[PDB]
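Colleague: This structure is in structure tokens; I'll ask about it shortly.
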Amino acid sequence: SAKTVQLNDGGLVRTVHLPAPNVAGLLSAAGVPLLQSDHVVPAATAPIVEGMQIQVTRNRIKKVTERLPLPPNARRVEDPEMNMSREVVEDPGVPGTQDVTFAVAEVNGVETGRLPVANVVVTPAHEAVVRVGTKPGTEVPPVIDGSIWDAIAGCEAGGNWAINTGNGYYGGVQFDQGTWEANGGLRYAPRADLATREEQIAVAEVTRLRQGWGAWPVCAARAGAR
């Protein structure tokens, strides 16, 4: 029957008159029982003695629900008039609205971390239309090396793959027109510089495989390239 008990609960001091066999019991009776990762000093099974301090930390996870935007699903449509390296958002759709449940981590009633864990759609989004390039012959293989390709760019064009300074050479790896053409560039763009970095590297790797890195004499050196 120990009516002098002071309970620092997650910061909030409070005085308590309830009877119980141990501290957990005491917190149960004040209807603030120890849950989840809650801890306390003295121990949870400790006897109640008079004028006693009881310090509890609340460490919990909590379901919270929020009404957020629901992004539209992308419907793809083919455009064989445009390169496969290009994708365009032709109709962006209409965002809908969802109920996102987050697991929220809280200590002493203050949030410390969250993660989204589920979603029910309330108002459905209307589709978006994404128009993708399908021009035959415009496949682009994956870039292999790169820090090297980017260094020869770094070296030869200051990094600007769309470079048309005015001289004789074009693009990031400084193609001439003859060699850009001989080795297949024209499927991608009339000039090295009107094509994307990845398109350029594809057409360059054809030179590189014939001669190796030595078609960029200064710049394959400055890069550190065999």
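Each chain in the structure tokens gets a letter, A, B, ..., in the order shown, and its residues are numbered from 1; ligands are numbered from 1 in order too.
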Would you give me, as a PyMOL selection string, the residues in range 50-212 of chain A that DSSP reads as helix (DSSP H, G or I)?
Modeller: chain A and resi 147-157+177-182+185-187+192-194+197-211
Colleague: Output N, CA, C and O atoms of each residue in that selection to a file, as a short mmCIF file (atom, residue, chain, number, x, y, z; two decimals), in the first residue's frame.
Modeller:
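Okay, this is what ended up in result_31.cif:
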```cif
data_model
loop_
_atom_site.label_atom_id
_atom_site.label_comp_id
_atom_site.auth_asym_id
_atom_site.auth_seq_id
_atom_site.Cartn_x
_atom_site.Cartn_y
_atom_site.Cartn_z
N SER A 147 35.21 5.12 -66.41
CA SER A 147 36.13 6.04 -65.76
C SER A 147 37.22 6.37 -66.77
O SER A 147 37.81 7.45 -66.74
N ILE A 148 37.43 5.44 -67.68
CA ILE A 148 38.35 5.63 -68.76
C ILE A 148 37.65 6.43 -69.83
O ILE A 148 38.16 7.43 -70.29
N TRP A 149 36.47 5.99 -70.22
CA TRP A 149 35.75 6.75 -71.22
C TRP A 149 35.50 8.17 -70.69
O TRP A 149 35.63 9.15 -71.44
N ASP A 150 35.18 8.29 -69.40
CA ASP A 150 34.92 9.60 -68.79
C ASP A 150 36.15 10.48 -68.63
O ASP A 150 36.03 11.71 -68.58
N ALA A 151 37.31 9.84 -68.56
CA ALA A 151 38.59 10.52 -68.47
C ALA A 151 39.02 11.07 -69.82
O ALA A 151 39.54 12.19 -69.90
N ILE A 152 38.82 10.29 -70.87
CA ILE A 152 39.11 10.74 -72.22
C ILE A 152 38.15 11.88 -72.55
O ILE A 152 38.49 12.82 -73.26
N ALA A 153 36.93 11.81 -72.00
CA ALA A 153 36.01 12.95 -72.01
C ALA A 153 36.59 14.10 -71.17
O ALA A 153 36.80 15.21 -71.70
N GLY A 154 36.85 13.82 -69.88
CA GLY A 154 37.55 14.76 -68.99
C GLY A 154 38.71 15.44 -69.71
O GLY A 154 38.76 16.68 -69.80
N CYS A 155 39.62 14.63 -70.25
CA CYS A 155 40.74 15.12 -71.06
C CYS A 155 40.24 15.92 -72.26
O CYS A 155 40.37 17.15 -72.27
N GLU A 156 39.62 15.23 -73.22
CA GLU A 156 39.42 15.78 -74.57
C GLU A 156 38.29 16.80 -74.78
O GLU A 156 38.33 17.56 -75.75
N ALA A 157 37.30 16.85 -73.90
CA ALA A 157 36.17 17.76 -74.14
C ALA A 157 35.72 18.54 -72.90
O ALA A 157 34.64 19.17 -72.91
N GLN A 177 34.43 12.98 -88.66
CA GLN A 177 33.17 12.58 -89.28
C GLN A 177 33.29 11.24 -90.03
O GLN A 177 32.41 10.35 -89.90
N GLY A 178 34.37 11.10 -90.78
CA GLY A 178 34.71 9.86 -91.45
C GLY A 178 34.70 8.63 -90.56
O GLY A 178 34.12 7.62 -90.96
N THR A 179 35.33 8.69 -89.39
CA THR A 179 35.40 7.49 -88.52
C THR A 179 34.13 7.26 -87.72
O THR A 179 33.77 6.13 -87.51
N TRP A 180 33.45 8.32 -87.31
CA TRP A 180 32.10 8.16 -86.80
C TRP A 180 31.15 7.46 -87.78
O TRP A 180 30.20 6.82 -87.37
N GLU A 181 31.41 7.59 -89.07
CA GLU A 181 30.49 7.06 -90.06
C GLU A 181 30.85 5.63 -90.42
O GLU A 181 29.96 4.75 -90.53
N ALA A 182 32.15 5.43 -90.63
CA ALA A 182 32.74 4.16 -91.05
C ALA A 182 32.34 3.11 -90.03
O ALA A 182 32.17 1.94 -90.36
N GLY A 185 28.20 5.08 -86.62
CA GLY A 185 27.54 6.15 -85.86
C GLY A 185 26.20 6.58 -86.40
O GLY A 185 25.28 6.85 -85.64
N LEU A 186 26.09 6.62 -87.73
CA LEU A 186 24.90 7.14 -88.41
C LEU A 186 23.59 6.49 -87.98
O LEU A 186 22.56 7.13 -88.07
N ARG A 187 23.60 5.25 -87.49
CA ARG A 187 22.34 4.74 -86.93
C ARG A 187 21.86 5.55 -85.71
O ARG A 187 20.69 5.55 -85.41
N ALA A 192 28.73 12.59 -84.01
CA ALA A 192 29.11 12.06 -82.70
C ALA A 192 28.48 12.87 -81.58
O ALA A 192 28.02 12.30 -80.59
N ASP A 193 28.43 14.18 -81.77
CA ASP A 193 28.04 15.10 -80.70
C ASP A 193 26.54 15.24 -80.55
O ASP A 193 26.08 15.75 -79.55
N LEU A 194 25.77 14.75 -81.52
CA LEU A 194 24.32 14.81 -81.43
C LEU A 194 23.75 13.56 -80.80
O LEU A 194 22.53 13.49 -80.60
N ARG A 197 26.19 10.17 -74.68
CA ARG A 197 27.40 9.52 -74.19
C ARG A 197 27.41 8.01 -74.48
O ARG A 197 28.40 7.48 -74.98
N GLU A 198 26.32 7.32 -74.18
CA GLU A 198 26.36 5.86 -74.31
C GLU A 198 26.39 5.45 -75.79
O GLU A 198 27.10 4.54 -76.19
N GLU A 199 25.66 6.18 -76.62
CA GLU A 199 25.74 5.96 -78.06
C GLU A 199 27.15 6.24 -78.59
O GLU A 199 27.65 5.48 -79.41
N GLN A 200 27.82 7.26 -78.07
CA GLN A 200 29.15 7.54 -78.51
C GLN A 200 30.15 6.46 -78.17
O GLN A 200 30.92 6.01 -79.04
N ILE A 201 30.14 6.04 -76.91
CA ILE A 201 30.98 4.94 -76.46
C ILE A 201 30.79 3.66 -77.30
O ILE A 201 31.76 3.04 -77.68
N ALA A 202 29.55 3.28 -77.61
CA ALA A 202 29.32 2.15 -78.51
C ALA A 202 30.06 2.26 -79.84
O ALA A 202 30.66 1.28 -80.31
N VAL A 203 30.06 3.45 -80.43
CA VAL A 203 30.63 3.60 -81.75
C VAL A 203 32.13 3.69 -81.62
O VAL A 203 32.85 3.20 -82.50
N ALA A 204 32.59 4.26 -80.51
CA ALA A 204 34.02 4.33 -80.19
C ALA A 204 34.61 2.96 -79.88
O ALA A 204 35.65 2.60 -80.47
N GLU A 205 33.99 2.19 -78.99
CA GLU A 205 34.48 0.82 -78.70
C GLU A 205 34.82 0.00 -79.98
O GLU A 205 35.68 -0.85 -79.95
N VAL A 206 34.18 0.30 -81.11
CA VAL A 206 34.58 -0.28 -82.43
C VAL A 206 35.98 0.15 -82.88
O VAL A 206 36.71 -0.60 -83.55
N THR A 207 36.37 1.35 -82.51
CA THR A 207 37.70 1.83 -82.87
C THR A 207 38.66 1.20 -81.90
O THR A 207 39.70 0.67 -82.25
N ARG A 208 38.25 1.26 -80.65
CA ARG A 208 39.07 0.80 -79.60
C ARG A 208 39.40 -0.68 -79.76
O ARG A 208 40.42 -1.13 -79.25
N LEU A 209 38.56 -1.45 -80.44
CA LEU A 209 38.80 -2.87 -80.50
C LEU A 209 39.74 -3.21 -81.65
O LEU A 209 40.49 -4.19 -81.58
N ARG A 210 39.73 -2.36 -82.67
CA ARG A 210 40.68 -2.41 -83.77
C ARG A 210 42.08 -1.95 -83.38
O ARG A 210 43.05 -2.59 -83.77
N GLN A 211 42.17 -0.85 -82.63
CA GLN A 211 43.45 -0.21 -82.32
C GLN A 211 43.76 -0.16 -80.84
O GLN A 211 44.90 0.08 -80.44
#
```
Colleague: Restricting the calculation to only C-alpha atoms, which member of A:176, A:50, A:106, A:38 is positioned closest to residue 3 in chain A?
Modeller: A:50
Colleague: Find the spatial neighbours of residue 72 in chain A, counting only C-alpha atoms, within a cut-off of 8 Å - ignore same-chain residues fewer than 5 positions away - and output them as a list in words.
Modeller: residues 92, 93, 94, 95, 96, 125, 126, 127 and 128 of chain A
Colleague: Take the residues from that selection and write them out as a CSV table (one decimal), in the first residue's frame, keeping N, CA and C atoms.
Modeller:
```csv
chain,number,residue,atom,x,y,z
A,92,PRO,N,1.4,12.6,-68.4
A,92,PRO,CA,1.9,12.2,-67.1
A,92,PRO,C,1.0,11.5,-66.2
A,93,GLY,N,-0.3,11.4,-66.6
A,93,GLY,CA,-1.3,10.8,-65.8
A,93,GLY,C,-1.9,11.7,-64.8
A,94,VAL,N,-2.7,11.1,-63.9
A,94,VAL,CA,-3.3,11.9,-62.8
A,94,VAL,C,-2.9,11.1,-61.5
A,95,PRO,N,-2.1,11.7,-60.6
A,95,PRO,CA,-1.9,11.0,-59.3
A,95,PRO,C,-3.2,10.7,-58.6
A,96,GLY,N,-3.2,9.6,-57.9
A,96,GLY,CA,-4.3,9.3,-57.0
A,96,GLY,C,-3.9,9.5,-55.6
A,125,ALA,N,-5.0,6.1,-59.3
A,125,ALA,CA,-4.4,7.0,-60.3
A,125,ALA,C,-4.9,6.7,-61.7
A,126,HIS,N,-4.9,7.7,-62.6
A,126,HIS,CA,-5.1,7.4,-64.0
A,126,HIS,C,-3.7,7.2,-64.6
A,127,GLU,N,-3.5,6.1,-65.3
A,127,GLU,CA,-2.3,5.8,-66.1
A,127,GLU,C,-1.5,7.0,-66.6
A,128,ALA,N,-0.2,6.8,-66.8
A,128,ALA,CA,0.6,7.8,-67.6
A,128,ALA,C,1.1,7.1,-68.8
```
Colleague: Please identify all polymer residues within 9 Å of residue 98 in chain A, counting only C-alpha atoms, omitting same-chain residues fewer than 3 positions from it, and present them as a ChimeraX atom specification.
Modeller: /A:66-70,119-124
Colleague: Name all residues at most 7 Å from residue 33 in chain A (count only C-alpha atoms; drop same-chain ones fewer than 3 positions away) and give them as a compact mmCIF listing (two decimals) with N, CA, C and O atoms, in the first residue's frame.
Modeller:
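The resulting file, result_22.txt, is shown below:
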```txt
# COMPACT_ATOMS: atom_id res chain seq x y z
N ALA A 24 6.56 -3.36 -11.92
CA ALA A 24 5.82 -3.60 -13.13
C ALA A 24 4.38 -3.58 -12.75
O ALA A 24 3.59 -2.91 -13.36
N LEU A 27 3.23 -0.09 -12.37
CA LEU A 27 2.93 0.54 -13.65
C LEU A 27 1.64 -0.02 -14.31
O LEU A 27 0.93 0.73 -14.98
N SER A 28 1.35 -1.30 -14.13
CA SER A 28 0.10 -1.87 -14.66
C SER A 28 -1.10 -1.18 -14.04
O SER A 28 -2.03 -0.77 -14.74
```
Colleague: Give the answer as one residue: which of A:196, A:188, A:55, A:108 has the shortest atom-to-atom distance to residue 143 in chain A, using only C-alpha atoms?
Modeller: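 Checking each of A:196, A:188, A:55, A:108 against residue 143 in chain A, counting only C-alpha atoms, the winner is A:196.
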Colleague: Which of these residues is nearest to residue 60 in chain A, using only C-alpha atoms: A:183, A:36, A:134, A:22?
Modeller: A:36
Colleague: Excluding residue 64 in chain A and residues on its chain fewer than 6 positions from it, collect all residues at most 7 Å away from it, counting only C-alpha atoms, and give them as a PDB file with C-alpha atoms, in the first residue's frame.
Modeller:
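File around-v2.pdb, as written:
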```pdb
ATOM      1  CA  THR A 101       1.062   2.685 -43.131  1.00  0.00           C
ATOM      2  CA  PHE A 102       4.422   3.414 -41.570  1.00  0.00           C
ATOM      3  CA  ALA A 103       6.062   1.562 -38.723  1.00  0.00           C
ATOM      4  CA  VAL A 104       7.210   4.407 -36.477  1.00  0.00           C
TER       5      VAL A 104
END
```
Colleague: As a ChimeraX atom specification, list the residues of range 58-100 of chain A assigned to strand (DSSP E) by DSSP on the backbone atoms of this structure.
Modeller: /A:59-70,74-79,87-91,96-100
Colleague: Using only C-alpha atoms, determine which residues lie at most 6 Å from residue 79 in chain A, disregarding the query and same-chain residues fewer than 2 positions distant; provide the list as a count of residues only.
Modeller: 5
Colleague: For a quick check of understanding, using only C-alpha atoms, which of A:30, A:44, A:115, A:13 has the smallest distance to residue 63 in chain A?
Modeller: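 With only C-alpha atoms as the atom set, the closest residue is A:115.
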Colleague: Name the closest residue to residue 73 in chain A among the candidates A:223, A:130, A:34, A:113; distances are taken between atoms, counting only C-alpha atoms.
Modeller: A:130
